file entry.pdb (PDB, C-alpha atoms and all ligand atoms)
MODEL        1
ATOM      1  CA  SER A   1      98.301 107.232  90.707
ATOM      2  CA  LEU A   2      99.494 109.869  93.255
ATOM      3  CA  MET A   3     102.715 108.225  94.563
ATOM      4  CA  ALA A   4     105.528 110.394  93.144
ATOM      5  CA  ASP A   5     103.450 113.298  94.627
ATOM      6  CA  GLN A   6     103.374 111.852  98.193
ATOM      7  CA  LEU A   7     107.222 111.347  97.937
ATOM      8  CA  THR A   8     110.141 113.848  97.575
ATOM      9  CA  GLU A   9     112.968 113.761  94.914
ATOM     10  CA  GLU A  10     115.155 112.464  97.821
ATOM     11  CA  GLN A  11     112.910 109.303  97.890
ATOM     12  CA  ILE A  12     112.261 109.112  94.112
ATOM     13  CA  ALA A  13     116.072 109.120  93.725
ATOM     14  CA  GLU A  14     116.198 106.054  96.099
ATOM     15  CA  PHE A  15     113.358 104.478  93.956
ATOM     16  CA  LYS A  16     115.417 104.784  90.654
ATOM     17  CA  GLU A  17     118.228 103.110  92.709
ATOM     18  CA  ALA A  18     115.697 100.399  93.745
ATOM     19  CA  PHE A  19     114.602 100.182  90.011
ATOM     20  CA  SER A  20     118.127  99.853  88.480
ATOM     21  CA  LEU A  21     119.379  96.854  90.614
ATOM     22  CA  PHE A  22     115.817  95.324  90.255
ATOM     23  CA  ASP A  23     116.146  95.342  86.421
ATOM     24  CA  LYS A  24     118.584  92.395  85.824
ATOM     25  CA  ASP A  25     118.737  92.338  81.941
ATOM     26  CA  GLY A  26     119.414  96.158  82.048
ATOM     27  CA  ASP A  27     116.665  97.349  79.524
ATOM     28  CA  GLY A  28     115.060  99.930  81.952
ATOM     29  CA  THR A  29     111.613  98.086  82.322
ATOM     30  CA  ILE A  30     110.666  95.180  84.737
ATOM     31  CA  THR A  31     109.039  92.017  83.141
ATOM     32  CA  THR A  32     107.118  89.133  84.907
ATOM     33  CA  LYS A  33     110.282  86.879  85.093
ATOM     34  CA  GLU A  34     112.339  89.883  86.361
ATOM     35  CA  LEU A  35     109.685  90.610  89.058
ATOM     36  CA  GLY A  36     109.700  86.831  89.790
ATOM     37  CA  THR A  37     113.545  86.738  90.268
ATOM     38  CA  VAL A  38     113.878  89.694  92.740
ATOM     39  CA  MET A  39     110.656  88.885  94.749
ATOM     40  CA  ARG A  40     111.870  85.210  95.019
ATOM     41  CA  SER A  41     114.989  86.572  96.867
ATOM     42  CA  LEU A  42     112.587  87.979  99.575
ATOM     43  CA  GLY A  43     111.217  84.420 100.321
ATOM     44  CA  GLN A  44     108.340  84.508  97.733
ATOM     45  CA  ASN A  45     107.512  82.029  94.875
ATOM     46  CA  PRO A  46     105.129  83.818  92.332
ATOM     47  CA  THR A  47     103.769  82.429  88.955
ATOM     48  CA  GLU A  48     103.797  84.313  85.554
ATOM     49  CA  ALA A  49     100.001  84.860  86.055
ATOM     50  CA  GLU A  50     100.593  86.686  89.434
ATOM     51  CA  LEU A  51     103.433  88.999  88.162
ATOM     52  CA  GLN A  52     101.192  89.724  85.092
ATOM     53  CA  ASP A  53      98.450  91.045  87.488
ATOM     54  CA  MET A  54     101.085  93.032  89.494
ATOM     55  CA  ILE A  55     101.752  94.701  86.117
ATOM     56  CA  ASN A  56      98.033  95.016  84.870
ATOM     57  CA  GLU A  57      97.061  97.088  88.015
ATOM     58  CA  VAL A  58      99.977  99.596  87.653
ATOM     59  CA  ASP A  59     100.195  99.410  83.784
ATOM     60  CA  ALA A  60      98.468 102.740  82.827
ATOM     61  CA  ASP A  61     100.153 102.432  79.353
ATOM     62  CA  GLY A  62      98.845  98.812  78.849
ATOM     63  CA  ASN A  63     102.062  97.202  77.347
ATOM     64  CA  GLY A  64     102.414  94.132  79.692
ATOM     65  CA  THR A  65     105.628  95.391  81.497
ATOM     66  CA  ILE A  66     106.662  97.875  84.333
ATOM     67  CA  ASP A  67     108.240 101.332  83.750
ATOM     68  CA  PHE A  68     109.618 103.755  86.518
ATOM     69  CA  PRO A  69     106.101 105.576  87.075
ATOM     70  CA  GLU A  70     104.457 102.060  87.277
ATOM     71  CA  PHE A  71     107.176 100.995  89.811
ATOM     72  CA  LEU A  72     106.503 103.989  92.210
ATOM     73  CA  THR A  73     102.911 102.591  92.257
ATOM     74  CA  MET A  74     103.869  98.829  92.313
ATOM     75  CA  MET A  75     106.673  98.558  94.963
ATOM     76  CA  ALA A  76     104.745 100.953  97.328
ATOM     77  CA  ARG A  77     101.891  98.344  97.388
ATOM     78  CA  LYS A  78     104.547  95.527  97.949
ATOM     79  CA  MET A  79     106.438  97.400 100.759
ATOM     80  CA  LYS A  80     103.760  95.760 102.980
ATOM     81  CA  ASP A  81     104.816  92.053 102.886
ATOM     82  CA  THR A  82     101.487  90.200 103.660
ATOM     83  CA  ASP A  83      99.560  93.575 103.650
ATOM     84  CA  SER A  84      96.559  91.586 105.133
ATOM     85  CA  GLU A  85      98.260  92.474 108.507
ATOM     86  CA  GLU A  86      96.445  95.890 108.075
ATOM     87  CA  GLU A  87      93.182  93.945 107.483
ATOM     88  CA  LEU A  88      93.716  92.101 110.860
ATOM     89  CA  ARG A  89      94.634  95.495 112.432
ATOM     90  CA  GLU A  90      91.124  96.495 111.145
ATOM     91  CA  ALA A  91      89.797  93.205 112.725
ATOM     92  CA  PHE A  92      91.483  94.312 116.049
ATOM     93  CA  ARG A  93      89.219  97.454 115.944
ATOM     94  CA  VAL A  94      85.992  95.468 115.186
ATOM     95  CA  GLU A  95      87.009  93.126 118.138
ATOM     96  CA  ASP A  96      87.772  96.174 120.400
ATOM     97  CA  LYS A  97      84.325  97.930 120.319
ATOM     98  CA  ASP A  98      85.175 100.088 123.411
ATOM     99  CA  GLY A  99      88.272 101.072 121.315
ATOM    100  CA  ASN A 100      90.990 101.110 124.097
ATOM    101  CA  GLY A 101      93.693  98.918 122.400
ATOM    102  CA  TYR A 102      93.138  95.547 124.232
ATOM    103  CA  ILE A 103      90.530  92.720 123.876
ATOM    104  CA  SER A 104      88.598  91.113 126.794
ATOM    105  CA  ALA A 105      86.138  88.160 127.091
ATOM    106  CA  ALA A 106      83.037  90.489 126.880
ATOM    107  CA  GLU A 107      84.684  92.214 123.848
ATOM    108  CA  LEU A 108      84.912  88.858 121.966
ATOM    109  CA  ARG A 109      81.169  88.300 122.803
ATOM    110  CA  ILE A 110      80.007  91.616 121.195
ATOM    111  CA  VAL A 111      82.194  91.123 117.970
ATOM    112  CA  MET A 112      81.288  87.365 117.473
ATOM    113  CA  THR A 113      77.562  88.420 117.347
ATOM    114  CA  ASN A 114      78.343  90.606 114.233
ATOM    115  CA  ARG A 115      80.685  87.908 112.726
ATOM    116  CA  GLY A 116      77.824  85.333 113.051
ATOM    117  CA  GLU A 117      80.270  83.261 115.167
ATOM    118  CA  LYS A 118      78.529  83.745 118.614
ATOM    119  CA  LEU A 119      80.707  82.166 121.384
ATOM    120  CA  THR A 120      79.761  81.551 125.089
ATOM    121  CA  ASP A 121      81.108  83.882 127.911
ATOM    122  CA  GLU A 122      83.444  80.908 128.696
ATOM    123  CA  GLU A 123      84.477  80.220 125.013
ATOM    124  CA  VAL A 124      85.518  83.852 124.427
ATOM    125  CA  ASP A 125      87.655  83.844 127.625
ATOM    126  CA  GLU A 126      89.445  80.708 126.274
ATOM    127  CA  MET A 127      90.470  82.600 123.026
ATOM    128  CA  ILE A 128      92.042  85.356 125.201
ATOM    129  CA  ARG A 129      94.522  82.733 126.635
ATOM    130  CA  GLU A 130      94.921  80.932 123.195
ATOM    131  CA  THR A 131      96.497  84.173 121.779
ATOM    132  CA  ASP A 132      97.824  86.021 124.897
ATOM    133  CA  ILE A 133     100.835  84.599 126.856
ATOM    134  CA  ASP A 134     101.047  86.720 130.109
ATOM    135  CA  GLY A 135      97.570  85.760 131.556
ATOM    136  CA  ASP A 136      96.298  89.378 132.258
ATOM    137  CA  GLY A 137      92.910  88.701 130.493
ATOM    138  CA  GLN A 138      93.784  91.480 127.963
ATOM    139  CA  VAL A 139      94.824  91.074 124.265
ATOM    140  CA  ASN A 140      96.959  93.929 122.704
ATOM    141  CA  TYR A 141      98.699  94.006 119.228
ATOM    142  CA  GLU A 142     101.829  92.160 120.646
ATOM    143  CA  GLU A 143      99.970  89.100 122.128
ATOM    144  CA  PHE A 144      96.962  89.315 119.638
ATOM    145  CA  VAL A 145      99.316  88.856 116.648
ATOM    146  CA  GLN A 146     100.104  85.243 117.941
ATOM    147  CA  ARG A 147      96.628  83.857 116.911
ATOM    148  CA  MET A 148      96.839  85.719 113.552
ATOM    149  CA  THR A 149     100.317  84.125 112.918
ATOM    150  CA  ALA A 150      98.990  80.630 114.033
ATOM    151  CA  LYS A 151      95.789  80.751 111.829
TER     152      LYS A 151
HETATM  153 CA    CA B   1     114.412  94.573  82.297
HETATM  154 CA    CA B   2     103.496  99.377  81.396
HETATM  155 CA    CA B   3      88.827  96.891 124.380
HETATM  156 CA    CA B   4      98.139  90.078 127.872
ENDMDL
END

call {"tool": "encode", "arguments": {"input": "entry.pdb", "output": "structure tokens", "more": "lines below"}}
Ligand SMILES: [Ca+2]
Ligand SMILES: [Ca+2]
Ligand SMILES: [Ca+2]
Ligand SMILES: [Ca+2]
result
Amino acid sequence: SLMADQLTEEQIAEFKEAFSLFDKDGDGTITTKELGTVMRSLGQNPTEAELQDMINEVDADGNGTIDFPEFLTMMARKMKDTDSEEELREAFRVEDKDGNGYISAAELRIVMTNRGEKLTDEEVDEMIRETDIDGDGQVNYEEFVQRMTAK
């Protein structure tokens, strides 16, 4: 865990602020139900099993609960709500082989061959319009994100 190292005391101060209002019972350590309360306020509904794993990854002391050093590791990994967005940003690169920041019909052809999902020169040009709104034949992060949100 190198998280406190990548931050300043200015930010670590803000993290003990973010720890104190997070810890409802006021014991100075965040349990599964306490995780479950504050994360549920952000539009999430996690089970005791999930919050347990959120602990087990960051729990270098192995007690079954979060302390301040564990939190600088934990909340940093949660600061990306649906962090799989970065995985689809990676998918945007694999789709953009020429690596210019927008997808074309011939670009969907050359990625679908590697995916094992080979689509016709027509079929790929259809996907361009299924995700992109403006009809330029080009798919950038703004219009691309539509198909990733639709699923
Ligand atoms: Ca507590
Ligand atoms: Ca712990
Ligand atoms: Ca491209
Ligand atoms: Ca477009």

call {"tool": "residues_around", "arguments": {"input": "entry.pdb", "residues": "residue 102 (chain A)", "least_positions_apart": "2", "cutoff": "9 Å", "atoms": "all atoms listed in the file", "output": "list in words"}}
result
residues 92, 95, 96, 99, 100, 104, 138, 139, 140, 141 and 144 of chain A

call {"tool": "residues_around", "arguments": {"input": "entry.pdb", "residues": "residue 76 (chain A)", "least_positions_apart": "2", "cutoff": "12 Å", "atoms": "all atoms listed in the file", "output": "JSON, numbers by chain"}}
result
{"A": [1, 2, 3, 4, 6, 7, 11, 12, 15, 18, 54, 58, 69, 70, 71, 72, 73, 74, 78, 79, 80, 81, 83]}

call {"tool": "closest_residue", "arguments": {"input": "entry.pdb", "among": "A:10, A:44, A:52, A:94", "to": "residue 115 (chain A)", "atoms": "all atoms listed in the file"}}
result
A:94

call {"tool": "atom_distance", "arguments": {"input": "entry.pdb", "atom1": "CA of residue 31 (chain A)", "atom2": "CA of residue 61 (chain A)"}}
result
14.2 Å

call {"tool": "residues_near_ligand", "arguments": {"input": "entry.pdb", "ligand": "ligand CA 4 (chain B)", "cutoff": "7 Å", "atoms": "all atoms listed in the file", "output": "tab-separated table (two decimals) with C-alpha atoms, in the frame of the given file"}}
result
chain	number	residue	atom	x	y	z
A	132	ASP	CA	97.82	86.02	124.90
A	133	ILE	CA	100.84	84.60	126.86
A	134	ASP	CA	101.05	86.72	130.11
A	135	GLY	CA	97.57	85.76	131.56
A	136	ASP	CA	96.30	89.38	132.26
A	137	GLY	CA	92.91	88.70	130.49
A	138	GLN	CA	93.78	91.48	127.96
A	139	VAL	CA	94.82	91.07	124.26
A	140	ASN	CA	96.96	93.93	122.70
A	143	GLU	CA	99.97	89.10	122.13

call {"tool": "closest_residue", "arguments": {"input": "entry.pdb", "among": "A:107, A:67, A:25, A:57", "to": "residue 121 (chain A)", "atoms": "only C-alpha atoms"}}
result
A:107

call {"tool": "residues_near_ligand", "arguments": {"input": "entry.pdb", "ligand": "ligand CA 2 (chain B)", "cutoff": "7 Å", "atoms": "all atoms listed in the file", "output": "ChimeraX atom specification"}}
result
/A:55,59-67,70

call {"tool": "closest_atom_pairs", "arguments": {"input": "entry.pdb", "of": "chain A", "to": "ligand CA 1 (chain B)", "cutoff": "8 Å", "atoms": "only C-alpha atoms and all ligand atoms", "output": "tab-separated table"}}
result
residue	atom	partner	partner_atom	distance
A:23	CA	B:CA1	CA	4.5
A:24	CA	B:CA1	CA	5.9
A:25	CA	B:CA1	CA	4.9
A:26	CA	B:CA1	CA	5.3
A:27	CA	B:CA1	CA	4.5
A:28	CA	B:CA1	CA	5.4
A:29	CA	B:CA1	CA	4.5
A:30	CA	B:CA1	CA	4.5
A:31	CA	B:CA1	CA	6.0
A:34	CA	B:CA1	CA	6.5

call {"tool": "atom_distance", "arguments": {"input": "entry.pdb", "atom1": "CA of residue 13 (chain A)", "atom2": "CA of residue 53 (chain A)"}}
result
26.0 Å

call {"tool": "atom_distance", "arguments": {"input": "entry.pdb", "atom1": "CA of residue 35 (chain A)", "atom2": "CA of residue 22 (chain A)"}}
result
7.8 Å

call {"tool": "residues_around", "arguments": {"input": "entry.pdb", "residues": "residue 149 (chain A)", "least_positions_apart": "2", "cutoff": "12 Å", "atoms": "only C-alpha atoms", "output": "ChimeraX atom specification"}}
result
/A:82,84-85,88,131,141-147,151

call {"tool": "closest_residue", "arguments": {"input": "entry.pdb", "among": "A:51, A:148, A:111, A:42", "to": "ligand CA 3 (chain B)", "atoms": "only C-alpha atoms and all ligand atoms"}}
result
A:111

call {"tool": "closest_residue", "arguments": {"input": "entry.pdb", "among": "A:117, A:126, A:9, A:50", "to": "residue 36 (chain A)", "atoms": "only C-alpha atoms"}}
result
A:50

call {"tool": "closest_residue", "arguments": {"input": "entry.pdb", "among": "A:91, A:106, A:150, A:38", "to": "residue 130 (chain A)", "atoms": "only C-alpha atoms"}}
result
A:150

call {"tool": "closest_residue", "arguments": {"input": "entry.pdb", "among": "A:39, A:112, A:89, A:32", "to": "residue 56 (chain A)", "atoms": "only C-alpha atoms"}}
result
A:32

call {"tool": "residues_around", "arguments": {"input": "entry.pdb", "residues": "residue 105 (chain A)", "least_positions_apart": "6", "cutoff": "7 Å", "atoms": "all atoms listed in the file", "output": "PDB file with C-alpha atoms, in the coordinates of the input"}}
result
ATOM      1  CA  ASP A 121      81.108  83.882 127.911  1.00  0.00           C
ATOM      2  CA  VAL A 124      85.518  83.852 124.427  1.00  0.00           C
ATOM      3  CA  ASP A 125      87.655  83.844 127.625  1.00  0.00           C
ATOM      4  CA  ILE A 128      92.042  85.356 125.201  1.00  0.00           C
TER       5      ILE A 128
END

call {"tool": "build_atoms", "arguments": {"input": "entry.pdb", "residues": "region 48-77 of chain A", "atoms": "N, CA and C atoms", "output": "short mmCIF file (atom, residue, chain, number, x, y, z; two decimals), in the frame of the given file"}}
result
data_model
loop_
_atom_site.label_atom_id
_atom_site.label_comp_id
_atom_site.auth_asym_id
_atom_site.auth_seq_id
_atom_site.Cartn_x
_atom_site.Cartn_y
_atom_site.Cartn_z
N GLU A 48 103.90 83.32 86.66
CA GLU A 48 103.80 84.31 85.55
C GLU A 48 102.43 85.04 85.53
N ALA A 49 101.36 84.31 85.91
CA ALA A 49 100.00 84.86 86.06
C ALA A 49 99.93 85.98 87.13
N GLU A 50 100.54 85.71 88.31
CA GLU A 50 100.59 86.69 89.43
C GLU A 50 101.36 87.96 89.06
N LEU A 51 102.61 87.83 88.56
CA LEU A 51 103.43 89.00 88.16
C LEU A 51 102.76 89.81 87.02
N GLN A 52 102.07 89.09 86.10
CA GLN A 52 101.19 89.72 85.09
C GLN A 52 100.15 90.66 85.73
N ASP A 53 99.50 90.24 86.83
CA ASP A 53 98.45 91.04 87.49
C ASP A 53 99.10 92.23 88.22
N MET A 54 100.29 91.98 88.82
CA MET A 54 101.08 93.03 89.49
C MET A 54 101.45 94.17 88.52
N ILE A 55 101.57 93.79 87.25
CA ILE A 55 101.75 94.70 86.12
C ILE A 55 100.39 95.37 85.75
N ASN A 56 99.37 94.55 85.37
CA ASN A 56 98.03 95.02 84.87
C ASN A 56 97.37 96.13 85.74
N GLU A 57 97.58 96.07 87.06
CA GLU A 57 97.06 97.09 88.02
C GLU A 57 97.78 98.45 87.83
N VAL A 58 99.11 98.39 87.72
CA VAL A 58 99.98 99.60 87.65
C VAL A 58 100.26 100.03 86.19
N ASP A 59 99.87 99.19 85.20
CA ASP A 59 100.20 99.41 83.78
C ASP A 59 99.17 100.36 83.12
N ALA A 60 99.33 101.67 83.39
CA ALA A 60 98.47 102.74 82.83
C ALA A 60 98.65 102.90 81.29
N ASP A 61 99.79 102.41 80.79
CA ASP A 61 100.15 102.43 79.35
C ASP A 61 99.69 101.14 78.61
N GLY A 62 99.37 100.09 79.38
CA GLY A 62 98.84 98.81 78.85
C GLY A 62 99.78 98.04 77.90
N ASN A 63 101.09 97.92 78.23
CA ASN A 63 102.06 97.20 77.35
C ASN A 63 102.41 95.78 77.85
N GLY A 64 102.10 95.46 79.13
CA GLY A 64 102.41 94.13 79.69
C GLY A 64 103.74 94.08 80.46
N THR A 65 104.33 95.26 80.77
CA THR A 65 105.63 95.39 81.50
C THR A 65 105.69 96.71 82.33
N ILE A 66 106.55 96.74 83.38
CA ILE A 66 106.66 97.88 84.33
C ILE A 66 107.72 98.90 83.89
N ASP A 67 107.34 100.17 83.93
CA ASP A 67 108.24 101.33 83.75
C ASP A 67 108.40 102.05 85.13
N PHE A 68 109.39 102.96 85.26
CA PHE A 68 109.62 103.76 86.52
C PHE A 68 108.32 104.35 87.20
N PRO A 69 107.40 105.10 86.47
CA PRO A 69 106.10 105.58 87.08
C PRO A 69 105.21 104.42 87.62
N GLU A 70 105.18 103.29 86.88
CA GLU A 70 104.46 102.06 87.28
C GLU A 70 105.07 101.43 88.55
N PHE A 71 106.41 101.54 88.69
CA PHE A 71 107.18 101.00 89.81
C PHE A 71 106.91 101.77 91.12
N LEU A 72 106.85 103.11 91.05
CA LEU A 72 106.50 103.99 92.21
C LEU A 72 105.09 103.66 92.77
N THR A 73 104.25 103.10 91.90
CA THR A 73 102.91 102.59 92.26
C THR A 73 102.99 101.13 92.79
N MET A 74 103.81 100.30 92.10
CA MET A 74 103.87 98.83 92.31
C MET A 74 104.57 98.47 93.64
N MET A 75 105.81 98.95 93.82
CA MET A 75 106.67 98.56 94.96
C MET A 75 106.15 99.16 96.29
N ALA A 76 105.43 100.30 96.18
CA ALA A 76 104.74 100.95 97.33
C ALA A 76 103.65 100.02 97.92
N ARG A 77 102.93 99.33 97.02
CA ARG A 77 101.89 98.34 97.39
C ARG A 77 102.50 96.99 97.84
#
